[PDB]
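In structure tokens, one chain follows: the form deposited in one PDB entry.
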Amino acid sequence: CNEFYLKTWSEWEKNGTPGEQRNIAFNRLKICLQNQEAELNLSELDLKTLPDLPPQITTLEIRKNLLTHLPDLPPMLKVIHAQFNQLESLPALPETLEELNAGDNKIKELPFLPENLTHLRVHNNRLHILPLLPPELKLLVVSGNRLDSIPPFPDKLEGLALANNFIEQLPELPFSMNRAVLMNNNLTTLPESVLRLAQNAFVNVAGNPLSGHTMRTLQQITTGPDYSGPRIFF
């Protein structure tokens, strides 16, 4: 096993531009594989490609590189930090994946989301639609894309950020949702379930073209003496 990986890594080490820290990476790969480590940290190495990855890892930390594509993902991966790259797409996501961070890339479409995904951060991509959201999702950050719609939210979603998109309608919001960053979209109305969120929940809808009727309808309720829903920031 070690010889196989070390051969392909040795070859890959020789094939980059001067600024790519391939030798540093090679040495981290070797240590990770030899020590049977759960995490591989190649962040901030200015890497333009990756070779085949150590098979045992559950955390892949590769943020702040120059990557355009990823090699096949280790089969039991749980966590990926791939934000600040130049990725045009993602590979198939392992069933074990819980946390996917790939903000600030060039991704046009996402793969299917695995069933146990809890955290998805893909802000500042090129997405015009999202996959369906899996049942245990807790965090969705998709600000700064080109979305014109969003799929239904799952029942224990904790945080939502979708600012700076083209979204025309929002689905109903679960009571678990404590933070909803909704600014700068094309919403004319809000779901009535906004009013039933926790009293101390954070809701920001600034920069949306909310109708007069929607403003009046929301304001009647938020300004009442018995109102127990969240402050809504306009």
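Position 1 is the first residue in the sequence shown; the rest follow in order.
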| property | result |
| --- | --- |
| 58 to 66 or 198 to 206, whichever carries the higher mean Cα B-factor | 198 to 206 |
| Mean Cα B-factor comparison, 5 to 13 or 20 to 28, giving the higher one as deposited | 5 to 13 |
| Among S193, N184, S43, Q34 - the residue whose C-alpha B-factor is largest in the record | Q34 |
| Out of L160, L73, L117, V122, highest CA B-factor residue | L73 |
| Where the record places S89 (Cα B-factor, split into thirds across the chain) | lowest |
| Entry-reported Cα temperature factor of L170, expressed as the chain third it lands in | highest |
| For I150, the third of its chain into which the C-alpha B factor falls | highest |
| Ranked C-alpha temperature factor of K108 among modelled chain residues, by third | middle |
| Chain third (lowest, middle, highest) by recorded CA B-factor, residue given as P135 | middle |
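The following text describes the form deposited with a partner chain bound, which does not appear among the structures shown.
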| property | result |
| --- | --- |
| Partner proximity in the bound PDB entry: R179 to its partner chain, non-hydrogen atom cutoff 4.5 Å | yes |
| Its partner chain contact in the bound PDB entry: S193, any heavy atom under 4.5 Å | no |
| Any non-hydrogen atom of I129 within 4.5 angstroms of its partner chain in the bound PDB entry | no |
| 4.5 Å heavy atom contact, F233 to its partner chain in the bound PDB entry | yes |
| Contact segment among 140 to 148, 70 to 78, 89 to 97, 109 to 117, judged by heavy atoms lying within 4.5 Å of its partner chain in the bound PDB entry | 140 to 148 |
| Proximity to its partner chain in the bound PDB entry, single hit among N204, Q56, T49, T59 (heavy atom within 4.5 Å) | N204 |
